[PDB]
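> Take this sequence and fold it.
(2 chains, ligands or ions: 4)
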Number of protein chains: 2
Amino acid sequence: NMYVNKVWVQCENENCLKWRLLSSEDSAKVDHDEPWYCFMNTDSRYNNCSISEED
Amino acid sequence: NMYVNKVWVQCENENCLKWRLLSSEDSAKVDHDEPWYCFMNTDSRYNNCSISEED
Ligand code: NA
Ligand code: NA
Ligand SMILES: [Zn+2]
Ligand SMILES: [Zn+2]
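Numbering: from 1, shown residues only, chains lettered A, B, ... in the order given. Ligands and ions are numbered 1, 2, ... in the order given. For reference, the structure is listed below:
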């Protein structure tokens, strides 16, 4: 029995490229056929390309 | 671009059933066709059914 709780997703702004931590539910709600950017993050702590990557 | 860093795996000892956090590399090294138990955890902090689940 295994479970993925969280998934990292990369911002596709060529001047950012930061990895953001999403819940697995939120990652499931991303359209893979389109680019993903920081501003699409539901986590308001990490929803902007100017904010450093989460430790 | 997405990446799973960690995966939770459940102990199959009927008197334990605890979830343990594995790296995605370690989870990839588990044989799904066999039961998994706490003692199979490479993480010595959480490799025994008597140890509480990680926060
Ligand atoms: Na540039
Ligand atoms: Na019992
Ligand atoms: Zn960004
Ligand atoms: Zn156990």
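> contacts and neighbour counts: CA atoms only from here.
Will do.
> Next up, phi/psi of the closest residue to ligand 3 within chain A, please.
In chain A, the residue that lies nearest ligand 3 is residue A:49 (3.5 Å; C-alpha to the ion). The phi and psi values for residue A:49, taken as degrees, to the nearest 10, are phi -60, psi -20.
> so it makes contact with residue A:12?
No - counting by C-alpha atoms under 8 Å, residue A:49 stays clear of residue A:12, with 10.1 Å between them.
> Overlap of the contact sets of those two?
With contacts taken as C-alpha atoms under 8 Å, 6 or more residues apart in numbering or on different chains, residue A:49 and residue A:12 have no neighbour in common.
> and the gap between the residue of chain A found nearest ligand 4 and residue B:38?
In chain A, the residue that lies nearest ligand 4 is residue A:1 (12.6 Å; C-alpha to the ion). Noted for residue A:1: a distance of 13 Å to residue B:38, by C-alpha to C-alpha, to the nearest Å.
> any chance you could map the strands in chain A?
With DSSP state E as the criterion, chain A has strands at A:2-3, A:6-10, A:19-23.
> strands paired with the shortest one, and their directions?
So the one you mean is strand A:2-3. Strand A:2-3 has its sheet partners listed here by DSSP bridges as strand B:6-10 (antiparallel).
> Could you confirm whether the partner strand reaches ligand 4?
No - on the criterion C-alpha under 5 Å from the ion, strand B:6-10 is out of touch with ligand 4, staying 7.8 Å away.
> Kindly calculate the angle that that strand makes with strand B:19-23.
Interaxial angle of strand B:6-10 relative to strand B:19-23 (axes from the mean of the first three to the mean of the last three C-alpha atoms, to 10 degrees): 150 degrees.
> Pull out the buried residues from strand B:6-10.
Within strand B:6-10, the residues scored as buried using 16 or more other C-alpha atoms under 10 Å in any protein chain shown are B:6-10.
> now the residues you listed in a markdown table, with distance to ligand 3?
Conversion of the buried residues of strand B:6-10 to a markdown table gives the following (distance: C-alpha to the ion, whole Å):
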| residue | distance to ligand 3 |
| --- | --- |
| B:6 | 22 |
| B:7 | 25 |
| B:8 | 28 |
| B:9 | 31 |
| B:10 | 34 |
